[PDB]
Amino acid sequence: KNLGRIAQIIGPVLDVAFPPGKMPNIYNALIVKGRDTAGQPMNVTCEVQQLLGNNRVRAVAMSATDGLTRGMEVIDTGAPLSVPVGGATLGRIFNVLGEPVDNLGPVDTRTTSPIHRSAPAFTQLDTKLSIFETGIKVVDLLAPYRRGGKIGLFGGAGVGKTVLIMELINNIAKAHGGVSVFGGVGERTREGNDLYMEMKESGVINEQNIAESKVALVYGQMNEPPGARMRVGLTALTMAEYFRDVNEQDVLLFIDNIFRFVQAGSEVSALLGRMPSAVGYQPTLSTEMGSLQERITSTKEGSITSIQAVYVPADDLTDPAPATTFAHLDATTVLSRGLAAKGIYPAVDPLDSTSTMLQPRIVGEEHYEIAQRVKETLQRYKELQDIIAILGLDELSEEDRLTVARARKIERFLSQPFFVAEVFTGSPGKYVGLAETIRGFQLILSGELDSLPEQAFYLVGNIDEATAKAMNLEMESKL
Amino acid sequence: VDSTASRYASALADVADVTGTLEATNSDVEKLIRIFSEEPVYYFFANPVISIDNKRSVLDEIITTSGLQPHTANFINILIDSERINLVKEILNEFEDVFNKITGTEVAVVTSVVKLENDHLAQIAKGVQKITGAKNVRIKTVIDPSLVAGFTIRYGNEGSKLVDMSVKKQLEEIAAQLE
Amino acid sequence: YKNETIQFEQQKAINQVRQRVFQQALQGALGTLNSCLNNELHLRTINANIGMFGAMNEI
Amino acid sequence: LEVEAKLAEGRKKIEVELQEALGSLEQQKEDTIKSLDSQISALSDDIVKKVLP
Amino acid sequence: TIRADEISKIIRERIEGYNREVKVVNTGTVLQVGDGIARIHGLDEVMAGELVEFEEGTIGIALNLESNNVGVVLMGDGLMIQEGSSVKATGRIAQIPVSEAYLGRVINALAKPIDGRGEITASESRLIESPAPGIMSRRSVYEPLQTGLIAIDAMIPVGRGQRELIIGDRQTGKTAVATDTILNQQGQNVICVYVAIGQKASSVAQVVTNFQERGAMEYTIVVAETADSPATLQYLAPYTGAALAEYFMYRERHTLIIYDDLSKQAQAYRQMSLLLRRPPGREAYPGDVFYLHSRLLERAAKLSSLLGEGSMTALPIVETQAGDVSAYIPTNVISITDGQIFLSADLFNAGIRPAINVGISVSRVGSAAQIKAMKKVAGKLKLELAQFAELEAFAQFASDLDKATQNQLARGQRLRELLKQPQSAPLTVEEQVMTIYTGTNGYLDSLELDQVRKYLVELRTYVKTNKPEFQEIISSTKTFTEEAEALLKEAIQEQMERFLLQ
Ligand SMILES: Nc1ncnc2c1ncn2[C@@H]1O[C@H](COP(=O)(O)OP(=O)(O)OP(=O)(O)O)[C@@H](O)[C@H]1O
Ligand SMILES: [Mg+2]
């Protein structure tokens, strides 16, 4: 119920002067009552970052300060940025403020939640290491995901990263009772619009019957001020933990990407005048990242698993922005431009993708023994590509005639059709469980399937579907 | 504005307001401004080298002849203890702006080529209390010849808001004929 | 393009002559107005200026 | 090379035409400043009715 | 040229219908002037970003609205601004007059003409700091922007509505990539804006001389802030250029804009910010330099059919320092921009001109920019220059290899001769399909590398004259049809017969 006055506007940074008793505490939302270009009222939302002393706070605006005047009245809300949560958020694109920017009306909700929040307690955690079942054969074998862990995508565009994300949204909604939240931290508006229309096209956002949709999009754009961009990840996360805590679901969170969350905090801190840390980042980088990443956890109610894209500055993995990110990560999925040129979809690199979960005390010995044989077979074939270009297959040893034929069969059987590409290619997608993945690569490596052709494993789901495509080709070749 | 000079002056006004000596304190503060104008008097208080103990004794004698308010004598003693006597002049000037705020009064500045009459001043005060919301209005006059015939008033919280018709006709007609 | 330049210099000649003529007019009017009686002009002027002031404050 | 030389000579001719036209119009504005003086008196006399109500 | 007859009315014309209205203005007094900054006491009601006007006529923008003063950055030299002098806020926030009649006018950063050719007739105004279109106002990039270079328009394709970055070190050909793109759209109906921030004035005059000869100024605005100008004018010059390009884009017209170095704009906003006492970061830049360029480049994209499908294709140019792509201003714009066009001086000195490093250069739109005729043919150019990129170590050892490898070394050395264009010789899309069809389908393996340049120039002028039915297949259908693949091969075997005789 408090009215403040703007004391100064320096960039996106405001100083607001309050009465001596009634006073906001840090992270509360300030609503600046401003005027527009023409003369109508339009309000600017902010967030208290510093208490400067002498009843004066320092705020960083969530929108443009262009046209704000020293001495306009500012409403203290008494709470941080509250953002609508629920099933009213599914299929909608949101602002930082929880405002729908997709021009489909207002959000007809009755529930909000503050975006600044403590972690779940030490009691409330789910200590059980569960593997997360994605339904994708490269991931579920070679780079498994925690249920409740943080995953990294090392991929650009032209690698099918947008198709790989939509498959994870569709698999968590079908196989489990899950939802997803995509958070666009500092996203381009061209690729932000490209992602929303391909989600409409792939049926993942249901444009006709919304709230039957699978995603909630939260987009912070690049032309937003740096305060908003710092906040979008949290706003996305607050929607993701409504489905975790209240609906007891298993959520995917997506931060694209987590580096732009870092550089937006580096920009705000430089605007707030903080003496910077090593290599130019904010001195609070270890805790600004830790505030976002410790809310992403598996509780006893549900879990939120975040698959977050990671940009490596200067191709330096020891840089403080990946080094603080990689500490919280639990698996890395390297997407490959070279594997997409061969035609393999999903174009996940099998040899450079890692996990902390591929340990035999976690995934079991039958899965750990087979994922090492697949990696050793694919690493031996990566070595032999210069020898096949010099000798050819007939001059290699008989032990190594097989590890080319098997590894060429593994590279095909790692590929998979997706449900989100049924309009694009026509071939129906396949959800492949972890049970049928291990039984698939046991047959290829034990050598039972050395009679089948190579192009019977390409874009098939199960290992039974492999022999079905092969027996079709023996019936198609004879005709 | 919120600077150290302003900060101190605001405190001095607040204590007067509490004790209902706003008229009584204001007279004393105006009385102080005459005292600290003198280069020799101001220099003695301001410089670090003269011993602080000597400064208090001289200050006490000055207070007695002056007959300042009990808080006002304290306020200077507080400034001297806390080293901010180098900015007394800024503080004293700052108090006047604060004192108008507390009363709810406003100040205005009206200027002319030749001296003018009291009814004009009262009607300008009427108009300034209208457009400003003075609880009460206040007025000042400065005779300047280099205009043509008009009057310029100057008001606001700072000396900011300005309306006039003397030479703004002529400069406006230059800038309107370039159109 | 040269005829474009000549038309621009017609514009510039007109503009500088107009402004120099007007500054001559201004300083002549200023000399005459400062030659005028102070009491007669000002009383009407202050009264009308202050009336326009109060009128625009009503407006 | 022949038509480039023709271009350059024509360009000189149009340059001298330019200088003649500009010097002429500067002499013209010298003439209308040296003349046109009742305009000056009436233009002073007209604005004196506008500075005062 | 008659004046003095109608001067005796025009003085009485401005006095007629003159309002003389008394309205409240916000006045201030000048505290201090220095380095193009004015700290101002008062202006209690000024809004952030507002133009204020001084005595002696200098205009400045109130940027720091601080608690004691207002930090005003001057749009000119503040040499005649006196301590204690008045200053009044004008009421408006940084407009330009905007019009159709800017096409051909070299204007400066307030869109006043500097070409000495008269005023510009304008009736509407655009805001300089205008917001970008949102997400629902846009459409996917699907139309090509033909730059006229084979190395770009085949392998790094720029579409309409795309922000692409031309980047490299100094004297690599960044301006020539941008200038030849403007020179290519003489037939396309795009409107080009060439913004030149912080350049030498002699090189702005050479670009407009290059543009006026080749008829490029009939569809071009040149926005120019020479390095003599204050840093406010250099900071606002691409925002002035982007406001002019948003005028045509909202009037359903497609536009290209080039910023001649965004690097010098960032240095010109670092200058004002360090003089406004704002706390710096990496390379003394403020935190807003990303938010400077992201607020600029996101205004340039492709609109939806509900708005009329105007586009604004931004080609920002950024200069790096000794190839330091990880420097602070290259790191920002590579994140903001879709594609990057990397220009290297080790290819510029070797003869590969335009010096596009096509391996490192990327385009996030991808093949959605290209037409269907170009997708077919440049699918083979990308693979076969990637096979030559893996075999660059083997070019010294071409003899000691099998024929499957040695033909790839022989093919890739002619595919790089396709990419070589002289300066200001852009190719039409039909001429680009001929050149890549000939090279990627074995019809140049018989030639020495000295002759691959001479052969294609004679084959491009052959089909232009002798076989004009090829150009109508590609202009209208925009697909490399089986008819035109037959018609092109008849031109090759007749040109190879005439070129071998010579
Ligand atoms: N395709 C080309 N073939 C031959 N020369 C070229 C080509 N492109 C550019 N040049 C020449 O290279 C020189 C540098 O080109 P340009 O002026 O475009 O450089 P730049 O990248 O703008 O560098 P700077 O920003 O330092 O001026 C120019 O003299 C130009 O004539
Ligand atoms: Mg250049």
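Note that the numbers count up from 1, one per residue, in the order the chain is shown.
Determined by electron microscopy, 3.2 Å, according to the entry header.
Cβ coordinates are placed from backbone N, Cα and C, and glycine is handled just like the others.
For reference, Swiss-Prot has these:
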BINDING   A:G155, A:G156, A:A157, A:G158, A:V159, A:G160, A:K161, A:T162  ATP binding site
Output the one of A:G156, A:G160 that, of all these binding-site residues, has the highest number of other Cβ atoms within 10 Å of its Cβ.
A:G160
So how many other Cβ atoms are close to A:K161 (ATP binding site), meaning within 10 Å of its Cβ?
20
Looking at the binding-site residues A:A157, A:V159, which sits with the largest number of other Cβ atoms within 10 Å of its Cβ?
A:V159
Considering only CB atoms and a limit under 8 Å, which binding-site residues from A:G155, A:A157, A:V159, A:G160, A:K161, A:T162 lie near chain E?
A:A157
Can you check which residue among the binding-site residues A:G155, A:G158 has the largest number of Cβ atoms within 10 Å of its own?
A:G155
Taking the centroid of the Cβ atoms of A:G155, A:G156, A:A157, A:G158, A:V159, A:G160, A:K161, A:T162 as the ATP site, which other residues of that chain lie with their Cβ within 8 Å of it, listed in sequence order?
A:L164, A:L335, A:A340, A:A347
Same-chain residues six or more away whose CB lies under 8 A from the CB of A:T162 (ATP binding site)?
A:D194, A:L195, A:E198
